[PDB]
Structures are given as C-alpha cells and as structure tokens.
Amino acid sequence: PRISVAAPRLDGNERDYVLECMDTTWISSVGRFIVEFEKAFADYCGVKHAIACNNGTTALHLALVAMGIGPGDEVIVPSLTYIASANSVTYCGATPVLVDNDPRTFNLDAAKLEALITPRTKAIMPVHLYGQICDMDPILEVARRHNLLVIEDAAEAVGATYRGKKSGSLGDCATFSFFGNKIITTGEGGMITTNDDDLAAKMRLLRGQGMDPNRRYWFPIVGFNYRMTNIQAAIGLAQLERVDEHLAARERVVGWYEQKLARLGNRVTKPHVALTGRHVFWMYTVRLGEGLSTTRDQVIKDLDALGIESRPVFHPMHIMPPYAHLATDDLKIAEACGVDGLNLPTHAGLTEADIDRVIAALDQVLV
C-alpha cells in the first residue's frame, strides 16, 4: 500500500457540520460556521481577530494589502520558503528582499536582517517552516528599532508556540493555510490573525469585494473575492475542535522516526528543535549527508518506487525564474538546504509499520 507524504484525518464533526450546511442550504460565503470558526481560531491563538479566507495565499495577499504594502515598498522574505510568501509581495506591486535562513531550523536568520533594511523597507515576513517558529524576539527587536511591521506566514505551524505565545499572535498579523496537507484542513482555506482593530477592519472590507456594508453595490475601494465558504469553515471548526488530538498524532509519528533513526547513521541529519516553544512538526524534515553518492532527487524517485511519497525542501526563490533577479551572494544556507532537504511522510494516519517502512526504504536508498 502507498504511503502519502500527508493527508487529513477527518475524525471529528466534519461530516455532520458539512451535512448541516448542505441541509440548511447555507453553502456559500454566508453562514454561522465562518464567524464561529474565526472566533474559535482567534481564541485558539490568543489574538483578538481572525479573518477567514479562501486559501493561505490570498490570506497573505490580503494581509499585505491591508497593511499598505504597495509599489516601491520592500518586504523582507526568506528565499527558503513556499513561493506564495514572495508571490504575495509581488501581487502588491512590492519588492521582496530575500534573506538567508538558519542551517538547523531552516528559518529566517535574524542576524542577517539588519544589513537588509533600506529606506524602502516596510515589513518583514518570518515564515515558520515545518512547524517551528522563527526566533521571534530578535526579529521583533530589529523591527521595532526600524518601525517595520512583521507579518508571520504561519501556514505550516498552527499550534506552535514561542515563549508562551501561539503562532499567529507574535507579529502585527500572521497568515495560516488550511490546504489538505496541513495540520488542520478545510480542503482549501486560510485565515489572518491580528490584534489590531484597524488592520482587521480593512481586511474584512477588502475580503468582501470592498463593498460598503450599508450600500448594495456601493464600493468605496477595489476589493477582492477572498471569502471562505460556510462549508470550509464547518470542516475547519470541526478540525480545530480536535486540534490537540491532531498535534498528539504528529508527536506520535515523530517519536517513531526519532527512536528508529540510528539505523540511518550520519546519512541524514535530523530536524533540530529550537528550545523556544512547541515545534508542531507539520513535516519531519532531514538533511541528507554530504557524503552520499546519490542525490536528494534520486532519493525521492527511489522512495517512490518503494511506494513512499516524499517532498524536497523548497527550491529557494532566487534559484527559480520568477525570482532569479533577486539573487545575492548571501543566500548560501538556503541553497544548501534546498539541495539536501527532504520532507518525510508526516500525518495523523501513519502507523509505526509505516514509519518502519520509511526507515527501511531510506536505509536501502541512501548510498
């Protein structure tokens, strides 16, 4: 049987809640679950406001637009990330300023921020890869000192914490994704968290085609159609109800990899865990050893043939066509990680036998 790199576990009230939507006929972007989901997600992150959106990409765009990011502005974004992070900046007419990441946590290197600030910088986008929150204290300190905004792309870290705070409550705003491979899913769906009244209002106005609440077909600004549906919210609220279960499940999966690792010896380097809060392990990510004869890419092809799905750590932005014009000589760790990084199957339905197969496979494939 095939082992998927990811998959949602719909073991709560998803089905009943969706049925209710169907049965009530509230299936569009108008229904109770949207507000309920938002209320509950806000409460779960300990922030005042949650804005449900259509996906974690339009969440990023919407948050940046509402923040006033536009032509001329610069936003610092790590090169090692999912493209939506830099794409969202480009949609605004703004310019991404790529920064290197840490070789252990894969995350934005705070020590490299300052050299990048210019008179055009407006925000910094820490991205919490693989379930692990960036070292926020120093990023916030650099930001404060420069009157910059911080937006967390927290799409891969729902439930993670940093020094007592949940992801989503640390920067001026944060975005999350609920695509089907994420910790909690809505199928496709996203959310923006923030504690700022103004920012939140602007986001809801923009999300809703920019229409004015009191005048039918009265639009004061150019908006977007970024609403989530009642059905996405229903699924979402149900998943959030079992969020701790979901998280305990990846902890079970990670515990299995962690205790079987020695069979791989120095052939992989295991995901390093910063001691700053909970690391949620959206994906259990290793760096293959410099010494193999095989290539990270061939490794994925071999595993596939072995019936196991896996993914590469992202290709850094500045090595791909859309962003090669942004390359600098100080993006070496991103390059290295993109080269040797591999996401192993990590989801709530994996059994210990699954994990045993993944380990056996790699033992065989890493030459």
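Heads up: residue numbers just count along the shown sequence, starting at 1.
Between 61-69 and 334-342, it is 334-342 that carries the larger average Cα temperature factor according to the deposited entry.
Two stretches are in play, 293-301 and 146-154, and the higher mean C-alpha B-factor belongs to 293-301.
For the set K260, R287, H279, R242, the maximum C-alpha B-factor listed in the entry falls on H279. You'll see in the entry that, of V127, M203, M191, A94, the Cα B factor peaks at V127. Among the modelled residues of its chain, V30 has a C-alpha B-factor that falls in the highest third according to the deposited record. Per-chain ranking of the deposited C-alpha B factor places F106 in the middle third.
In the deposited entry, the Cα temperature factor of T81 places it in the middle third of its chain's modelled residues. Sort the chain's modelled residues by C-alpha temperature factor and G56 lands in the lowest third, per the entry.
Per the deposited record, the Cα B-factor of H347 falls in the middle third when ranked against the other modelled residues of its chain.
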